[PDB]
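Have a look at the structure below before the remarks.
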Amino acid sequence: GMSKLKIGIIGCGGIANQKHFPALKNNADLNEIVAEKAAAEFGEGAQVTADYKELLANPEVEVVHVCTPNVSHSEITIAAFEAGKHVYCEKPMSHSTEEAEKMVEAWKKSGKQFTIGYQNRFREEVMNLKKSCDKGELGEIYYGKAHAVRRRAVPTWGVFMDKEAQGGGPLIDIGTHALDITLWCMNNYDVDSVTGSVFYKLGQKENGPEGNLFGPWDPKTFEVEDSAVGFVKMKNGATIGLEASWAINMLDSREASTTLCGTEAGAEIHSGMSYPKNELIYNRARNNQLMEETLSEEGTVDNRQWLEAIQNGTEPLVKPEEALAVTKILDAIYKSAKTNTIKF
Amino acid sequence: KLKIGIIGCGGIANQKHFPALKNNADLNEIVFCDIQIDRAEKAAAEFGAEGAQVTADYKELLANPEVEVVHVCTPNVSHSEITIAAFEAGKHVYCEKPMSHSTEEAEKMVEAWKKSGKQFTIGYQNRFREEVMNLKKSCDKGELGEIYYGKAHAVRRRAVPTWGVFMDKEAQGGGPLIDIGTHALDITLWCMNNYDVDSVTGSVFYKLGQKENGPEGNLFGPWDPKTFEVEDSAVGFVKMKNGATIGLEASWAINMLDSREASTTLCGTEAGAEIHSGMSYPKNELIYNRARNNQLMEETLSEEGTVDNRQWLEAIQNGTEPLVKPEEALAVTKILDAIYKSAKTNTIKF
Amino acid sequence: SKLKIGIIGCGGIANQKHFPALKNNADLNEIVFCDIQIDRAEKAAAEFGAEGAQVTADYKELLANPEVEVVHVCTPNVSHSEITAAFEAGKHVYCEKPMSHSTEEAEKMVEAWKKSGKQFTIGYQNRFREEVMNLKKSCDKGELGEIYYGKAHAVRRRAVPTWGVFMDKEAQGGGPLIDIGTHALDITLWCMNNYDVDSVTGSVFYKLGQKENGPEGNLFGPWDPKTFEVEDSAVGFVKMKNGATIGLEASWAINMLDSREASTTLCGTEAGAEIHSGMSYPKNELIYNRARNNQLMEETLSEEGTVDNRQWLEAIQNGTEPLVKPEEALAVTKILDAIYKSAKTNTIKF
Ligand SMILES: NC(=O)c1ccc[n+]([C@@H]2O[C@H](COP(=O)([O-])OP(=O)(O)OC[C@H]3O[C@@H](n4cnc5c(N)ncnc54)[C@H](O)[C@@H]3O)[C@@H](O)[C@H]2O)c1
Ligand SMILES: NC(=O)c1ccc[n+]([C@@H]2O[C@H](COP(=O)([O-])OP(=O)(O)OC[C@H]3O[C@@H](n4cnc5c(N)ncnc54)[C@H](O)[C@@H]3O)[C@@H](O)[C@H]2O)c1
Ligand SMILES: NC(=O)c1ccc[n+]([C@@H]2O[C@H](COP(=O)([O-])OP(=O)(O)OC[C@H]3O[C@@H](n4cnc5c(N)ncnc54)[C@H](O)[C@@H]3O)[C@@H](O)[C@H]2O)c1
Ligand SMILES: OC[C@H]1O[C@@H](O)[C@H](O)[C@@H](O)[C@@H]1O
Ligand SMILES: OC[C@H]1O[C@@H](O)[C@H](O)[C@@H](O)[C@@H]1O
Ligand SMILES: OC[C@H]1O[C@@H](O)[C@H](O)[C@@H](O)[C@@H]1O
């Protein structure tokens with residue numbers, strides 16, 4: 001009935017093939033797919049070139065998915081596709097706040113649709129937590145923690161250690177997932193100030209790579225940080241602690257996680273290298289006894305939801321403003337280098 | 001042998017001091033003050049040398065020239081007043097872990113000890129705990145490298161102290177930041193050997209303490225949410241001049257799962273560590289984390305009031321330094337105080 | 001207003017629950033003693049400020065004693081009726097757990113209470129455990145919804161009581177079904193708040209109690225298989241007029257791995273719950289189970305003998321109801337007798 005939607009993938013390398021294609025193939029029924037393998041392995045129409053402008057091919061495309069490293073995000077998008085298309089940009093909306101704001105402007109005038117690749121928002125336990133906060137079952141949340149820590153899991157295969165493409169280390173690599181979850185469930189985005197510390201300690205150390213989950217790296221060429229910690233004061237008194245790392249001598253490898261302290265109850269999510277099963281634990285007082293409630297994929301869900309928003313004309317879950325606020329906090333943490341607190 | 005006057009026979013005189021001095025009886029004998037004079041009496045009949053003294057007025061006990069070491073066991077706003085000439089003019093003093101709730105009054109406390117040529121130490125006994133010493137010994141031997149990220153842990157889901165005036169802001173000066181955070185920042189700063197602050201940022205929370213349902217689940221018991229004058233929690237972010245950052249979390253009531261107190265997390269260049277202690281830990285734990293032979297590994301473990309006390313009495317009997325130095329306790333007091341001052345929603349630069 | 005208390009039976013529960021808890025609320029009572037062992041009352045009529053104790057070998061005289069206000073029956077299960085219709089002839093009566101082995105003897109115990117204008121409660125102290133109270137309040141708020149399936153756990157793998165007269169039929173009337181099954185059944189019907197029986201089916205087992213090697217492993221040492229005059233276990237299947245169904249298992253000795261007693265399992269329309277307690281459980285447990293935001297979750301916990309005695313004493317004073325109502329205890333007696341009545345190899349309809 002509904003016409004399939006003609007989709008457009010500009011970059012085609014990791015999250016393009018580790019997520020978008022399969023999500024569009026788990027969901028074929030809704031999408032039209034119009035780095036060689038890609039047109040054939042999942043399309044028939046455009047090519048499998050190596051370029052950027054050989055897209056801009058079949059402008060009859062009505063949706064574009066930019067899975068280009070962070071720097072390309074502002075122009076491989078914005079007027080690029082705001083030229084009149086919908087856009088789904090990848091996990092860090094951009095490495096730079098100024099460029100990030102230059103997209104919500106591009107989209108805000110091309111009144112088409114826009115979302116960002118924050119899929120950890122569709123994890124069943126993440127949704128569980130979002131719903132109980134929206135239901136006010138935690139109360140007013142005044143203290144959160146965004147956990148994006150990796151004892152020794154420096155990614156050694158793609159764009160991630162490139163300070164020019166990606167613009168930073170674990171803080172914008174994985175801290176953006178954790179903080180997105182946190183803010184989103186706290187439903188708090190009014191930032192008052194940001195204090196941060198950024199550590200170059202293990203990345204260029206000689207035995208630094210020793211123990212790394214993905215194998216050794218060259219500490220002589222490591223150009224980003226190995227960890228960072230943030231202190232975020234919200235305009236309502238709520239405070240958010242952040243820690244993000246690819247390599248830190250810390251026991252718990254808990255990433256894409258959050259801890260939430262409300263006036264009525266608490267909750268935390270556990271995920272990452274130290275957790276074979278994701279966990280969600282609510283804590284509260286019930287009948288004058290302290291108690292704990294514990295639990296007894298999201299790639300596809302994220303994408304399907306994306307299409308059904310444009311086809312049906314309604315809002316995609318992760319909203320552009322949300323991802324911009326995540327980019328502005330993480331930029332203000334690196335900005336703390338001025339050994340000063342950034343007021344908003 | 002050393003004569004001891006005990007100012008304030010509250011929970012701490014009994015729980016820690018009296019049995020500690022006893023076990024160390026070969027070094028001391030005790031002479032008892034507390035405005036509620038009946039608990040000075042009951043205490044005197046249990047730990048009193050023989051013919052003692054049971055004043056309810058502390059300016060009386062310092063008059064007694066047969067007392068040469070005092071142990072200030074009063075609420076915190078008192079610490080400064082006793083223990084300032086009040087004690088220094090009369091004798092050596094052991095003030096409790098808080099020192100002061102005030103930087104300025106703690107400043108005078110240091111000036112008054114010096115100007116008295118007498119010994120001085122604060123009640124930070126959690127450091128003597130063998131796991132804490134193990135870590136300290138290792139950090140001093142460089143076995144964690146340079147510590148660039150530290151966490152001080154002083155959090156309790158619901159264990160607000162109900163046996164005194166811990167919730168009186170005229171007597172305690174504050175709540176959990178100064179009751180229990182002090183213990184953890186100390187262990188953190190002593191292990192890191194870093195008391196040189198540059199910046200302090202903080203958030204203080206008054207949320208669960210005045211909530212009618214708040215006192216629910218509280219070990220220690222129910223409290224009156226209408227007479228809660230202190231915070232239930234605070235969180236901190238301290239940057240040191242070497243660049244190391246320390247995080248602090250303190251609570252008597254927070255809806256968090258992990259009740260870890262008098263504990264630290266230390267992350268360095270060669271290694272890290274974590275001490276676990278609190279209401280969520282029946283056994284105290286120390287874990288080291290390092291990479292050995294291209295493999296990530298963890299090293300775990302397969303009283304303190306007495307050791308602290310003995311060490312103290314011996315230092316005066318022998319003319320030497322007790323472990324807890326007042327400069328250290330003063331630095332903790334300052335940092336804790338700067339956290340509260342980020343009620344100016346400003347980062348305090350040192 | 002200290003209440004004058006009389007004790008009929010001084011060993012076991014009296015010496016283990018009553019005398020300690022009576023003492024613990026001494027501010028609301030004084031004791032003024034009996035036992036058939038003329039001397040059994042002494043070690044307590046002297047450890048229990050009876051200052052003038054009637055301390056007698058005959059209950060029927062401790063009853064004519066005018067200075068006795070509240071009579072505690074801690075005698076064996078047969079005596080419960082007699083010593084309780086006699087005391088209702090003037091006194092407030094706390095009879096112990098198995099109100100009676102007999103439905104009729106217990107019905108007689110109630111009319112008497114009514115003809116007395118006095119206070120009546122039963123020793124179902126398990127109701128006062130913090131976690132049993134937790135579940136009851138959740139149920140009462142409808143947080144489990146409609147409870148349609150329940151399980152009463154009164155199972156001991158191998159813990160036959162060998163210290164009293166529990167194995168004697170003429171003194172106890174029954175075995176584990178009314179010795180411990182009564183606790184579990186009471187909790188179960190109390191939190192469902194559903195006492196309207198429709199049918200009881202049951203089975204009673206005489207297998208290990210008179211077996212030669214059944215005493216093997218007994219937690220409380222061996223017993224003589226030729227004196228074992230009751231059942232070692234019994235199971236029951238209770239259907240209620242509202243359609244809810246309760247399962248019951250009770251045992252002193254049965255080859256089941258899980259020793260769970262004084263516990264319950266409730267399955268509701270909105271959520272479920274189970275309580276764990278018994279020789280299998282060093283700590284008591286309470287677990288809620290529900291679907292929350294589309295995921296199956298389980299909510300678990302991160303004394304009572306005195307609480308029971310207090311509310312009972314306080315209820316006498318302010319003329320209010322004790323927590324355990326005689327009608328509820330009678331309901332428990334009737335189901336349990338009906339499990340035995342299935343010696344008719346037939347379902348007993350109510
Ligand atoms: N979990 C997640 O959501 C997640 C995880 C990984 C990466 N990402 C994000 O995905 C993005 C890409 O990471 P990655 O590992 O896919 O990258 P990748 O490098 O593996 O693949 C991207 C490729 O796009 C190509 N490309 C570059 N510039 C282009 C241009 N101008 N025009 C056309 N094609 C161009 C290059 O081939 C580049 O390698 C980043 O924004 C990263 O943050 C998201
Ligand atoms: N781990 C530790 O080292 C530790 C533990 C607990 C408390 N403390 C410290 O001990 C101090 C309070 O002691 P507490 O916890 O036992 O509470 P507490 O209320 O039981 O003790 C205070 C006692 O001193 C008496 N008092 C008040 N003012 C007095 C005065 N001018 N002169 C004499 N007596 C006075 C009070 O009657 C009271 O009995 C605090 O500074 C607290 O921080 C230290
Ligand atoms: N948790 C509980 O609620 C709990 C626990 C154990 C027993 N009980 C109940 O308490 C009762 C006694 O159990 P126990 O363990 O104390 O047994 P027990 O035999 O140790 O105590 C009963 C006492 O009653 C005395 N007695 C017997 N006949 C008497 C008479 N005619 N007049 C006066 N005194 C007489 C006996 O000498 C004995 O001292 C039973 O009904 C039992 O089911 C309740
Ligand atoms: O899941 C998000 C992150 O996963 C990690 O495996 C890597 O650091 C990146 O691929 C990515 O940024
Ligand atoms: O607050 C109650 C007390 O409990 C003790 O265990 C801590 O050492 C003290 O610092 C604290 O003040
Ligand atoms: O069986 C031994 C005893 O243990 C107690 O817990 C029960 O309440 C009694 O009814 C029982 O007789």
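Indexing begins at 1, ligand by ligand and atom by atom, following the structure's order. Below, chains carry the letters A, B, ... as their sequence lines are ordered, and counting in each starts from 1.
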Sub-4.0 Å atoms of ligand 3 with respect to non-hydrogen atoms of C:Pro76
24 (O), 26 (N), 27 (C), 28 (N)
Kindly compute the distance separating OG (B:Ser102) from NE2 (B:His79), expressed to the nearest 0.5 Å.
13.0 Å
With heavy-atom distances below 4.0 Å as the criterion, list the atoms of ligand 3 near C:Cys10.
39 (O)
Under 4.0 Å to a heavy atom of C:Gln125 - the qualifying atoms of ligand 3, by number
1 (N), 2 (C), 3 (O)
Would you find more than 12 non-hydrogen atoms of other residues, nucleotides or ligands less than 6.0 Å from C:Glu285 atom CD?
yes
Check whether any N or O atom of C:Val165, backbone or side chain, sits under 3.5 Å from an N or O atom of ligand 3, and answer yes or no.
no
Side chain, backbone, both or neither: which applies to C:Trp163 and ligand 3 if a contact is any heavy-atom pair less than 4.0 Å apart?
side chain
Got a sec: does the CZ of C:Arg158 have more than 12 other heavy atoms crowding it under 6.0 Å?
yes
side-chain hydrogen bond (donor to acceptor under 3.5 Å, both in side chains) with B:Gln125: which of B:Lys16, B:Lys97, B:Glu96, B:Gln311?
B:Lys16
Between the side chains of C:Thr56 and C:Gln54, does any donor sit under 3.5 Å from an acceptor?
no
Taking only heavy atoms of C:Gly123, which atoms of ligand 3 are found under 4.0 Å from at least one of them?
3 (O)
In chain order, what residues pass the ring pair (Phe, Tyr, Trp, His ring centres under 6.0 Å) check against B:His17, with sequence neighbours excluded?
B:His71, B:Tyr94
Return the orientation label for the B:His183 and B:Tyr124 ring planes: parallel under 30°, perpendicular over 60°, tilted otherwise.
perpendicular
How are the rings of C:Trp223 and C:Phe228 set to each other: parallel, tilted or perpendicular (split at 30° and 60°)?
tilted
Between the CG atom in C:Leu22 and the CD1 atom in C:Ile7, the distance rounded to the nearest 0.5 Å is 5.5 Å
Just to be sure I'm reading this right: ignoring hydrogens, which of C:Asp35, C:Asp168, C:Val73, C:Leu62 gets closest to atom 39 (O) of ligand 3? Compare them by their nearest heavy atoms.
C:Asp35
C:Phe166 heavy atom under 4.0 Å from ligand 3
yes
Calculate, to the nearest 0.5 Å, the distance between atoms OG1 and CD1 belonging to C:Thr103 and C:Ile335 respectively.
12.0 Å
In ligand 3, the atoms that come under 4.0 Å of a heavy atom of C:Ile8 are 33 (C)
Polar proximity ligand 3 side, C:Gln37 side, N/O cut 3.5 Å exclusive
no
Considering distance alone, does some N or O of C:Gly11 sit under 3.5 Å from an N or O of ligand 3?
yes
Any residue meeting side-chain contact (heavy atoms from CB on, under 4.5 Å) with C:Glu261, in chain and number order, not counting sequence neighbours
C:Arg156, C:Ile180, C:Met279
For B:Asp224 and B:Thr227, does a side-chain donor sit closer than 3.5 Å to a side-chain acceptor?
yes
How would you list, by chain and number, every residue that makes a salt bridge (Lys or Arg N to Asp or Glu O under 4.0 Å) with C:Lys23, sequence neighbours excluded?
none
Quick note on ligand 3: atoms under 4.0 Å from a heavy atom of C:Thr75 include exactly 11 (C), 12 (C), 24 (O), 33 (C), 34 (N), 35 (C), 40 (C), 41 (O)
Does any N or O of ligand 3 fall below 3.5 Å from an N or O anywhere on C:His80, backbone included?
yes
Counting only heavy atoms closer than 4.0 Å, does ligand 3 sit against the backbone of C:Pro161, its side chain, both, or neither?
neither
Yes or no on side chain to side chain contact (heavy atoms under 4.5 Å, CB included) for C:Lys136 and C:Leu323, after CA distance, side-chain angles and deciding distance?
CA-CA 12 Å; C:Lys136 170 66 182 181; C:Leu323 173 77; over 6 Å; no
Selected option - heavy-atom contact closest to atom 23 (C) of ligand 3, from C:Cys74, C:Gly12, C:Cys34:
C:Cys74
Does ligand 6 have any N/O pairs with the protein under 3.5 Å, and how far apart?
{"residue": "ligand 6", "atom": "1 (O)", "partner": "C:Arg156", "partner atom": "NH1", "Å": "2.4"}
{"residue": "ligand 6", "atom": "1 (O)", "partner": "C:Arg156", "partner atom": "NH2", "Å": "3.2"}
{"residue": "ligand 6", "atom": "1 (O)", "partner": "C:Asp179", "partner atom": "OD2", "Å": "3.0"}
{"residue": "ligand 6", "atom": "4 (O)", "partner": "C:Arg156", "partner atom": "NH2", "Å": "2.9"}
{"residue": "ligand 6", "atom": "8 (O)", "partner": "C:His183", "partner atom": "NE2", "Å": "2.8"}
{"residue": "ligand 6", "atom": "10 (O)", "partner": "C:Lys97", "partner atom": "NZ", "Å": "2.5"}
{"residue": "ligand 6", "atom": "10 (O)", "partner": "C:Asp179", "partner atom": "O", "Å": "2.8"}
{"residue": "ligand 6", "atom": "10 (O)", "partner": "C:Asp179", "partner atom": "OD1", "Å": "2.8"}
{"residue": "ligand 6", "atom": "12 (O)", "partner": "C:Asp179", "partner atom": "OD1", "Å": "2.5"}
{"residue": "ligand 6", "atom": "12 (O)", "partner": "C:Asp179", "partner atom": "OD2", "Å": "3.1"}

May I ask which of C:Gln16, C:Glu96, C:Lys97, C:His183 has a heavy atom nearer to atom 42 (C) of ligand 3 than the others do?
C:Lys97
